[PDB]
Amino acid sequence: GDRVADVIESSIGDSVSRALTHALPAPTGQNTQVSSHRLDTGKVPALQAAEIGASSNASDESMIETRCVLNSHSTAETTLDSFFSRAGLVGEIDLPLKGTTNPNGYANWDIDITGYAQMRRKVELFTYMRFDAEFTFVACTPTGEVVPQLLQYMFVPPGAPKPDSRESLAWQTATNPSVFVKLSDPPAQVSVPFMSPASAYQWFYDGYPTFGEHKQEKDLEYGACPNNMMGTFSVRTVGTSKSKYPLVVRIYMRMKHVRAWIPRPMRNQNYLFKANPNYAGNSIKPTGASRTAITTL
Amino acid sequence: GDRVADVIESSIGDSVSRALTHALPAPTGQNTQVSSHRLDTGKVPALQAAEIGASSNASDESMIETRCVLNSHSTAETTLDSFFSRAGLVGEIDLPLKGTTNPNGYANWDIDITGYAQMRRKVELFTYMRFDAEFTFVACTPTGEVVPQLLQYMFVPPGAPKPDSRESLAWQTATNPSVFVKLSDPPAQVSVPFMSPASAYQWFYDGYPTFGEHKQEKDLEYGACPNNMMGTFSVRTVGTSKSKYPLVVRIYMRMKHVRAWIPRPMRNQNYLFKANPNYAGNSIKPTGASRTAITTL
Amino acid sequence: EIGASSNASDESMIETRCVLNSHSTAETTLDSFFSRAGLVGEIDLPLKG
Amino acid sequence: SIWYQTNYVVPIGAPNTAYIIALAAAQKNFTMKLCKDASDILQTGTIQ
Amino acid sequence: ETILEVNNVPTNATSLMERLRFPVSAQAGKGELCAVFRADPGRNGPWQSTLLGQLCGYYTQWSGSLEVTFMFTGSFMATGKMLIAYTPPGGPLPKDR
Amino acid sequence: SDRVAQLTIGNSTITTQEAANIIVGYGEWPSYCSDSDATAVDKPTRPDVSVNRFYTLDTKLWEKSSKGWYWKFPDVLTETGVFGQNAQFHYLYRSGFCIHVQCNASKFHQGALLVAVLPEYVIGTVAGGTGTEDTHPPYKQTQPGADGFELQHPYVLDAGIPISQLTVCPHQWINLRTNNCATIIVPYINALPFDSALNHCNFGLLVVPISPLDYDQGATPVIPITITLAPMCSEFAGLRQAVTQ
Amino acid sequence: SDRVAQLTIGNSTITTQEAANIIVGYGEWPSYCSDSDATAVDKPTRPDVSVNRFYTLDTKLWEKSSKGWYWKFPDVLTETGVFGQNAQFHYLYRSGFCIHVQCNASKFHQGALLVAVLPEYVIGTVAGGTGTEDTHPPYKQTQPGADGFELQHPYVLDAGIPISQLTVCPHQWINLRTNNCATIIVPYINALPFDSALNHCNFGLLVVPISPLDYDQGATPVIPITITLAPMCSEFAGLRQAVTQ
Ligand SMILES: C[C@H](CCOc1ccc(I)cc1)CCN1CCN(c2ccncc2)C1=O
Ligand SMILES: C[C@H](CCOc1ccc(I)cc1)CCN1CCN(c2ccncc2)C1=O
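Residues numbered from 1 in each chain as written, not as in the entry; some residues may be left out. Chains lettered and ligands numbered in written order. Part of a larger assembly, values for the part shown. Heavy atoms only, no water.

X-ray crystallography is the method the PDB entry states for this structure, with the resolution given as 2.80 Å.

Next up, the structure:
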């Protein structure tokens, strides 16, 4: 039981997060209403105080004499799904015959889509994102030719054995999901769910993955969050002998059922590495075009 | 508001101290009821388990065949007031003519009753005590003679100026309570209230009065609690000239309206100092009489 | 500058608990303060003086 | 204790030093007890 | 409220009025200390100048919350922010802000 | 009436007579974790007043050439008062924050500081200048503690992103001719209900001068900027021995 | 059914299969301070689970010649876990305690320890032997910390009072042929509603062997005695910087 007054009247425990704003329906752009001349004192829409931290509330109607305009322009193409649900390149896997990379007929690709600027800059507009995705795999030789080769793609979740060769036992794929397809077939395509242990993936994690001292040699782990590491994607030519053709696998991702939180400024310096926001210090360029004088176009 | 379950159901704040025992009226000693022989199994009043920490619950009726006895013996003389409300010596103040102590016709006595064994041992049976008191002052010369001398007793609360002489300005006693009386009058007598800043005086305080380091030279303060220091009692012969007679003032205290908490073991080693429980290590004596053998009286 | 004492209270400056104050104000009344006999005069009647 | 949270800033033309006056009193939960004589007695010899 | 002589250092007759007020002035932005004093109302020190402190001397025990109001008497163009703290028993004179 | 204000929480009270309203990040107040979002099973400890109070941790000096600074939360408090202890003894932590950046001058000084809160403020390095060396920021730069850290290239927030768009985050400006403080209230922001106060910094506080401080010779040249912050709805769990990192 | 028991509080659980019931000192359970007994006005902090849990602070070895030991509360905890921190940062403190003294042996060992709680356990000195020197016990003897302290003259409890009457205080006995632990719950005992956890020790825990430990050559000779205790209804107030003493 609770008897002392300060305990009875405390708010310790309130799980209801009070919200100051609520979403309203906005299928079309706001209309413009008629307005006339106003010669008042006390009234001053044009004057603002940006220091407060809010954007101006001044509207067209209050700054000039406007007519009536019935705006039916749609806001549909700017929803999250409309913006992100467009397949883009997020990975390239080479399987050359005579080479320095994967001359063994198989390859392991760490599932990370930050190796491509276009896609990367879009998602980095938000801190947290939760979504499902549709992956499409386009394969062919380096000239873009199609050859009668059978391939096997396999998803190796964290903790599952990564194949170490074209003949690995792991290709038995008794539990991992695998896709067998020919380069002659249309691109393979599958749906992937939201698999993080967290309520959402996050493109930025300001912290370390473990406890302890964070000395120089371990700074490679600053910003690494296991919650974003979904595993490995493995590919191999299906045979005990080397393939007769060199291959290339392009991986396209199309998000769907998207939710995002906490918008951020958009990248304005060239990307350098997948794992971080490092930029070239000797080449810090302005965000945009420049001119000779502020009084000239 | 409180929403999460653990907060709603917590008992953090309960000011109602659950009690396991309640006081019952007991004006007389318990009576004895008739009883007969019992030859049972399972029943065993005589057997106890002192380890539990409780006293035996075995009664006369269950250990032997008893008759009926209507006990009308009173329990009145063992109440706290009955025990403590008896005036006893707690202070002696000497005002000699030619002497080494107070040859100036005045004396300051720190109000502390721990300078006398009889009274001290009684109150030290309890840790905390709250009470009012009646003080009686018996004055005369050292032979017990009564002389026509006028005296002034003054209560100097902590912070009030202690008289530094028989002619001190402090004897103006504009706010402090003073008593003027002749040695020829009967003993002066007054009522004193419970004056501590604490809810009760305490004969034992296991701690220090201040913060900081408690180095050797400050160990004199271990056990000193200001809450027990009620002030000074000052006495003087009323005149600018020295009195013609040597005087002795005996101070008697009779508590009334008494309340006590937390009983303790009773002193069994001679007292040495007022301020502490120090005892003579080379003379640790048993609590009582001893004998030659455990099998002989 | 107004000439009045501050109206700011404990409750408004810090998070406080509830305290039922039963401390009496009786000993600070005028009679309580002044109704205590004190010396206001001394008169000497010496023999040879 | 009183500390500078920011700093005493002043423009050109105004004193670089100003003073603060402290005024104290008691709250409404303040009470006193056990009447006694003050520690001071403002008299040396006899007041004539 | 009566004036609390926080600045109780000057003693010569000609400078007694200076006890009624302490100063503040442009510093070096290092959260420097301006002044300190015990909050004990019935103790020798700054409080002896207040009527509260004097009346307090006629009573052996007290109980209650106290309040000190600080009035800045600089020019209108002067600005600033101060941190005034009260350190309950056991806490030694804060070494820093 | 929107210029004056008092913030009282715990045993601390803040006042201001030249404020510019209060910002409540992303439109919502700090709240304790609900029984449905929670996952850890142990009963949490919610110290309340002993930890949710105003702490004044640091003071920087604004100069005609300052570049700007940043502090990471809850990194700044992990070693202060009872909050710090709870953050060290416990594995799990969550709370909100009330940030009050202070900076006063005279009616003759001028300048404007942008005060913002940027969640998951990951720091990058200049990559050896040529962008060929894959360097990484040291612990003392990612979690600068209470002294904060100075921005090397404010234009890109030492992370390759335009400061010109930082206003998309909860913020306020301290324009000397207008106000002497910024006040931002921030709710718990993470993709998890609780996290380590040690290994993860939920957001960073940025104080960057966009319009340079200026004044004429003779005006007080020492213009400090002080940082005071109070945790809100602090909750801790997963008790064991204290750990500093 | 009175021999078996489980004590769970906080994130700690104690078990015993040879108990002798539980003692609730002076007949009452620990309770938080009421709004009428209270006097301090600031809102208290009641950490709950982070501080009211079982702490296992010390282990002594019972020997055929041990004299007995004592610990002072809350002195023993002032430097442990979150309780210690709260006791250091705050001026005011109050709480109860659940004490569980442990000591097991074999069905072939024998002995009896008296476990008691004595409020305001003021320590005295031998006064230089002759009783002429007015010596005083040093800080390390009055507030022995977690290591406790060994009684010099148990018969008089190093304070001039008969141990034979110590049973007038909440107590239990650990008679090896009967039980392997004592459990005493103690409410806040003082003449004030709150006090300093540093300057004042509300009570002392005494563990004294009245019946000497004994066994035959060949039986495990190492018989430990461990002290586990849990604060109850801890309340703190008067916050400021941490202070160790
Ligand atoms: C949508 C992919 C997971 C795709 O998972 C599979 C699984 C099986 C298959 I067949 C194909 C794809 C996750 C992309 N994310 C999640 C966040 N993240 C990331 C990368 C770098 N830094 C931070 C986060 C990142 O690259
Ligand atoms: C009843 C006295 C107070 C008497 O106060 C007056 C006040 C005025 C007059 I005229 C006569 C007596 C207090 C006795 N006590 C309170 C507790 N205490 C004490 C002494 C030594 N160690 C601990 C407590 C102690 O000696």
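Another aspect to go through is the overall build of chain C. The number of helices and strands found in chain C is two helices and zero strands. Overall size of chain C, expressed as C-alpha extent along the three principal axes, is 75 × 35 × 15 Å. Within chain C, the proportion of its 49 residues that are buried is 6%. (Helix = DSSP H or I, 4+ residues; strand = E, 2+ residues; numbered from the N terminus. Buried < 20%, exposed > 50% of the residue type's maximum accessible area, 1.4 Å probe, protein only.)

Let us look at the site of ligand 1. Residue and element names in this part refer to chain A. Near ligand 1 there are 13 residues, and of these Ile113, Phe155, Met195, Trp203 and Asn228 occur at the shortest range. The contact in question runs from an oxygen atom of ligand 1 to an N or O atom on the backbone of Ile113, over 3.3 Å. Protein contact buries 90% of the 630 Å² of open area that ligand 1 shows by itself. Split into classes, the residues belonging to the shell around ligand 1 amount to nine nonpolar, three polar and one charged. (Near = heavy atom within 4 Å. Polar contact = N/O pair within 3.5 Å; in protein donor to acceptor, adjacent residues only side chain to side chain. Areas by Shrake-Rupley, 256 points an atom, 1.4 Å probe, with all protein chains shown as cover. Nonpolar A, V, L, I, M, F, W, Y, C, P; charged D, E, K, R; others polar.)

Here we take up the interface of chain F and chain A. On the side of chain A, 58 residues touch chain F, which itself brings 68 residues to the contact. The contact between chain F and chain A buries some 5,200 Å² in all, and 59% of this surface belongs to carbon and sulfur atoms. Among the residues chain F hides against chain A, the three largest losses belong to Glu120(F), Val122(F) and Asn199(F). Together they make up 12% of the total. Run the count over chain F and chain A and you get one salt bridge. A salt bridge links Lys72(F) to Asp206(A); its shortest N-O distance comes to 2.7 Å. Across the chain F-chain A interface, the total number found is 29 residue pairs in polar contact. Breaking the side of chain F that touches chain A down by element, the ones donating at least two residues are strand 3 (23–24), strand 7 (110–119), helix 2 (139–142) and strand 9 (171–175) of chain F. Sort the elements by how many residues they give to the side of chain F that touches chain A and strand 9 of chain F lands first, with four residues. (Contact = heavy atoms within 4.5 Å. Buried area = accessible area lost by both parts, 1.4 Å probe. Salt bridge = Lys/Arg side-chain N within 4 Å of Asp/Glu carboxyl O.)

Let's shift gears to the pattern of salt bridges. Applying the stated criterion across every chain, the model contains 33 salt bridges over all chains. For the salt bridge of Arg36(C) with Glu27(C), the shortest nitrogen-to-oxygen distance reads 3.8 Å. Take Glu27(C): its relative accessible area is 26%, and that puts it in the partly exposed class. Here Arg46(F) makes a salt bridge to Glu235(F), at a shortest N to O gap of 3.0 Å. On the criterion of sequence distance, the pair formed by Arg46(F) in the loop between strand 3 and strand 4 (55–62) and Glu235(F) in strand 12 (residues 223–239) is long-range, its members being 189 residues apart. The same class applies to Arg46(F) as to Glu235(F), namely buried. Each of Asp6(A), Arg46(G), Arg94(G) and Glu235(G) takes part in one network of salt bridges that share partners.

A separate point is the arrangement of the chains. The two partners chain A and chain D share no contact, and the minimum distance between any of their C-alpha atoms is 18 Å. Between chain A and chain E there is no contact, and the shortest C-alpha to C-alpha distance separating them is 19 Å.

Here the focus is a nonpolar patch on the surface. All names here are of chain A. On the surface, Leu150, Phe180 and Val238 cluster together into a nonpolar patch covering about 230 Å² of accessible area. Here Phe180 is to be found in strand 5 (residues 178–182). For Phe180, a relative accessible area of 46% puts it in the partly exposed group. (Patch = residues over 30% accessible without salt bridge, like charges linked within 9 Å, V, L, I, M, F, W, Y side chains within 5 Å.)

Looking now at the state of the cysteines. All names here are of chain G. This model, assessed by the stated rule, comprises zero disulfides over all chains. Of all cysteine sulfurs in the structure, the one in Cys201 sits closest to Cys169, which takes part in no disulfide; the separation is 16 Å. With a relative accessible area of 2%, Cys169 lands in the buried category. Among the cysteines around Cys181, which has no disulfide bond, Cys103 carries the closest sulfur, lying 10 Å off. Exposure remark for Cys181: the relative accessible area of 2% places this residue in the buried category. (Disulfide = S-S within 2.5 Å.)

Our focus in this paragraph is the packing of aromatic side chains. Two descriptors summarise a pair of aromatic rings, namely the distance from one centre to the other and the angle between the planes of the rings. What the rule picks out here adds up to 43 aromatic pairs over all chains. Geometrically, the ring pair formed by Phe194(B) and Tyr201(B) is edge-to-face, given 4.6 Å between the ring centres and 65° between the ring planes. The exposure classification of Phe194(B) matches that of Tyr201(B), with both residues buried. Judged by centre distance (4.8 Å) and plane angle (70°), the ring pair of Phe33(C) and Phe34(C) falls under edge-to-face. We classify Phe33(C) as partly exposed; its relative accessible area is 23%. Classification of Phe34(C) as exposed rests on a relative accessible area of 58%. Geometry around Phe83(B) places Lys122(B) over its ring, the cationic atom sitting 4.6 Å from the centre. Here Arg53(G) stacks its cationic end above the ring of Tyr55(G), 4.9 Å away from the centre of that ring. (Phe/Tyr/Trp six-rings, centres within 6.5 Å; stacked < 30°, edge-to-face > 60°. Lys NZ or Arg CZ within 6 Å of the ring centre and 35° of its normal.)

Take the site of ligand 2 next. All names here are of chain B. The environment of ligand 2 is formed by 13 residues, the closest being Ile113, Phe155, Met195, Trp203 and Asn228. Contact distances for ligand 2 include 3.3 Å between an oxygen atom and a backbone N or O atom of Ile113. Protein burial of ligand 2: of its 630 Å² of free accessible surface, 90% is covered by the chains. Among the residues making up the shell around ligand 2, the classes are represented as nine nonpolar, three polar and one charged.

A few words on the environment of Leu23(D). Turning to its location among the elements, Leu23(D) is positioned in strand 2 (residues 17–26). Once the C-alpha coordinates of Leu23(D) and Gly45(D) are considered, the two residues, 22 residues apart in sequence, prove to be 35 Å apart. In contact with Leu23(D), not counting residues within four places along its chain, are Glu1(E), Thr2(E), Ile3(E), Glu67(E), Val68(E) and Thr69(E).

Right, let's get into the packing of helix 1 (residues 81–89) of chain F against helix 1 (residues 81–89) of chain G. Helix 1 of chain G packs onto helix 1 of chain F with a crossing angle of 175° between their chain directions and a minimal axis gap of 10 Å. Looking at the two axes, helix 1 of chain F sits roughly antiparallel to helix 1 of chain G. Of helix 1 of chain G, the residues touching helix 1 of chain F (which contributes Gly81(F), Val82(F), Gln85(F), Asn86(F) and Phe89(F)) are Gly81(G), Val82(G), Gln85(G), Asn86(G) and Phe89(G). (Axes fitted to C-alpha atoms, helices over the stretch in contact; angles between N-to-C directions. Parallel < 35°, antiparallel > 145°, perpendicular 65-115°, else oblique.)

Here the focus is the nonpolar core. Counting residues in each nonpolar core, the largest one holds 82 residues, and the members touching the most others are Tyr153(A), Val101(F) and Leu205(F). Take this core: its biggest share by element is eight residues, from strand 3 (residues 126–140) of chain A. Here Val101(F) is in contact with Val115(F), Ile174(F), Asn180(F), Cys181(F), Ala182(F), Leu205(F), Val207(F), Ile225(F), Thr226(F) and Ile227(F), once residues within four sequence places are set aside. Counting residues in hydrophobic clusters, the runner-up holds 80 residues, among them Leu151(B), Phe233(B), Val258(B) and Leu77(G). (Core = buried A, V, L, I, M, F, W, Y, C linked by side-chain atoms within 4.5 Å.)

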